[PDB]
């Protein structure tokens, strides 16, 4: 059939009974905030922040917290954090390009010839539309985190849980140590876009739409991928339509409209309104409502640096940055998902990506020898036409200049540390994630001689309308261990270094477990701030502390994925003097893809990460570290 999964448990079976997202005790949040500040602040600064924390906890913060809890109890259908979190990103006026939108790139199809561009674009597109149908049918398996897959991720369990009413279903999974996740964001994968508006942007969906949007050379094309009965269009007709688009000989437009999606959101909100005034609403609606955006690039990937730039931003002409996601396929079949971050936390995107990689490579719709259907693509494929005023043309020109100037400041590079990975580290009783994070702390100390604000995300999707929480990897323990390796390597025995690493790992594990339970401090403190502002109050003194601003100016911004579908991922720094560190610890190696703007040096950072990983592995092997 046209489905890529056949779940007997309805996709949304657990949604009604997911547990509510906890709100920490204010005393715990203040202690955790201070614990994270300890490595970052000098003694004098820390004493000042400590004093503000004491005043907050006894005064205005106590009152905000009381009100936050009361509000939560009146809004039990949701979480305390989801609204405030959406609001932050939808209100943000900065360009979504670099600041927010990341990418993940697919591994190639393991069969060489299936990486032909037309072939792969067809197969990925068909798999994506199969995913859409499977999700909409309730045939996608529920998202569930298992502690023991052997007992809980079984046909036996699934045959039983399907009979348990959704009001009690979560409890059935809980009984077998499995944790269903929130899936309320998943629908915005398709037929969805972000619309620029004054004050706060809109998330738009039109589930009735049946067409794909394709960008090539900055031109916009639409054609149906679902027929009037809801069935997938013949893959050989889809192939014909993509071949038609690939065969088009029009050069890049004088004023490529896609540039506008990279602008400041107020600038783009105004220009979109002008497009509407100039008669383009119907055309914009076709763009906005398409199942997703497929981007066909006409060049091959030169290397991983070029790949990263291409998938993270491109040249500004051939991505519709506002779309829920852009599926990009280059001339050598290299493919990736670039996605808009405001509509969710990316778990939906990773699920999509994983299922699409599996389906497209294991049961491809077409082969490299498939013959396109003899179809009237000139009728079935509409080339969209925008009516551009002088103001719009000038707007596109200004958007292009801004884009080109910004991209010029961005550097990206990677390493592949070959000495070992998860297997070695687990044998040494360490958390691989903790070791990677330690290496980044150590590298930054080596390079810049400082300990800085560091961000790692953790999912809180085990809870109703759960989002993410911040794990703060820069700890008293990583600071201590980094100082030992970098500044006083001769002062410590290998056993002493090993104990320090074990401590780093334990503490990182503790923070990880806590964050997954909603017991970080970042979201709680943000919610209290948001509440004060929403109620029309002046910002409490806690938040005017330079230390609070520093905690949230994330110089080391990190992110990881663990998936056999993912070749690599990437994102730009979140601050001008930051790094954007995409990493993955594989069984036998460690990968790092790091971005920087002019104010930092990614190449030097990566040389430092390599060296730090060498020293960590040496120390774990009992070797004296190399000076």
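Superpose the two forms; the largest set of C-alphas matching within 1.5 Å is the rigid core. Positions refer to the first chain, counted from 1.
Superposition on the core shows that, in 6 other deposited structures of this protein, the C-alpha atoms drift more in one of 119-127 and 484-492; this is 484-492.
Of 534-542 and 346-354, the stretch whose C-alpha atoms sit farther from the shown form in 6 other deposited structures of this protein, after fitting on the rigid core, is 346-354. Per-stretch averaging of Cα B factors for 489-497 and 198-206 places 489-497 on top. For the pair 506-514 and 366-374, the mean Cα B-factor is higher in 366-374. For the set 138, 102, 473, 165, the PDB entry assigns the largest Cα B-factor to 165.
When the C-alpha B-factors of 239, 441, 154, 261 are read from the PDB record, the largest value belongs to 154. Among the modelled residues of its chain, residue 309 has a C-alpha B-factor that falls in the lowest third according to the deposited record.
Sorting the modelled residues of the chain by their CA temperature factor places residue 564 in the highest third. Placement of the Cα temperature factor of residue 461 within the chain: lowest third of the modelled residues, per the deposited record. Annotation for residue 56: CA B-factor lies in the highest third of the chain's modelled residues.
The deposited CA B-factor of residue 596 belongs to the lowest third of values across its chain.
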